[PDB]
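First comes the structure, then the notes that go with it.
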Amino acid sequence: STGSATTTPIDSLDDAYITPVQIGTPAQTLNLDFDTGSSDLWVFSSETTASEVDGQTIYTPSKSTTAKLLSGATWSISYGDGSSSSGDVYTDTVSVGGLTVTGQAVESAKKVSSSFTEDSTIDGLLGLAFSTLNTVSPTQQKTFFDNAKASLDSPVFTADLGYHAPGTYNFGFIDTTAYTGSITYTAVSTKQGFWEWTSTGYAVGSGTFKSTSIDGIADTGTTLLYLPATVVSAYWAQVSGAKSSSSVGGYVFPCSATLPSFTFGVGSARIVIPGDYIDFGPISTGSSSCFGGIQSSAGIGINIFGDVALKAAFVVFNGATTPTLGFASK
Ligand SMILES: c1cnc2c(c1)ccc1cccnc12
């Protein structure tokens, strides 16, 4: 079997991407944030605290004839950005672009933190990191990818995020028309539950390539590219007027600037992020100071190859016996 679904940026900045997901019987379509940095499929629901729902589409398990309460199961997650959500669990039919999983754990939110409520475009998350990070207690649950894997034509999923445009998430196959050149595969460590790999270095604009090992995670659920301070300082040193701002909480730069590109290494291959991908607009409405798309990972503890990096490439999340990551230009 295969699945194919269009992913769409939630706003003019590509702050996040939403993909329609069918849940239950009859189908209840919710737009979820496919996140390769977490392993919980959670949704806004009829059980979510009323004051914490503001515009989101909710899943109502009582209206689904295939929904079954997972007795005694609860979930509670806290994300790297300080957001959090928790609630109870149901098992139900979940479909992504033609691909169907019966008995998938659908985590129904009872409580969500402010950032989730404030984002009316995101109805929940669909985790695609390793099932070892799933928060369901006392019985840990599997991800949608893990549940579909045995049924897929090939045990893979691909991320093809667009820059200010729609993209695609494919399950079970590699679309050879969606990229240029060839796909370079690289080693993955699953020890932290993430799609964690090692980049072979970087370049800033037309600059000379620096061979240096950068350990980080391929994370579709993170907007920006978080890299070591030395690397991020080398990047922003090429932008006239760019500075690290403690009040804004990152590198900011004149909105009038034209940004240089950023290249990252995948083995002997190179993914080039065009400069326009690194512009995240005014720091506050009407400001002439813009927020950068390349930020330091010093406060995080892990480097994150978020959407800024991933959207410049066709990305293969290979769930074979030994998982690997494939990257190709497009
Ligand atoms: C991810 C994280 N932080 C941001 C954005 C995206 C976009 C704009 C912005 C403006 C000021 C401060 N942070 C951000």
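Throughout, residue positions are numbered sequentially from 1 according to the sequence presented. Note that ligands are numbered from 1 as they come in the structure, with each ligand's atoms numbered from 1 the same way.
Around ligand 1 you find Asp15, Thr223, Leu224, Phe280, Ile283, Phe291, each with a heavy-atom distance below 4.0 Å.
Not a single salt bridge (charged side-chain N to carboxylate O under 4.0 Å, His left out) links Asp33 to another residue, sequence neighbours left out. Under the rule for a side-chain contact (heavy atoms from CB on, under 4.5 Å), the partners of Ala218 that lie at least two apart in sequence or sit in another chain are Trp195, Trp197, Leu310, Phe317, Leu325.
Within the structure, the side chain to side chain donor-acceptor pair (under 3.5 Å) test picks out the following pairs touching residues 221-231 (sequence neighbours left out): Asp219-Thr222.
Nearest heavy atoms, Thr19 versus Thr6: CG2-O, 3.7 Å.
Surrounding NZ of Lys210 are at most 12 heavy atoms belonging to other residues, nucleotides or ligands under 6.0 Å away.
A cation-pi arrangement is absent between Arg270 and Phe264, since the terminal nitrogen or guanidinium carbon is not both under 6.0 Å from the aromatic centre and inside a 45° cone about the axis.
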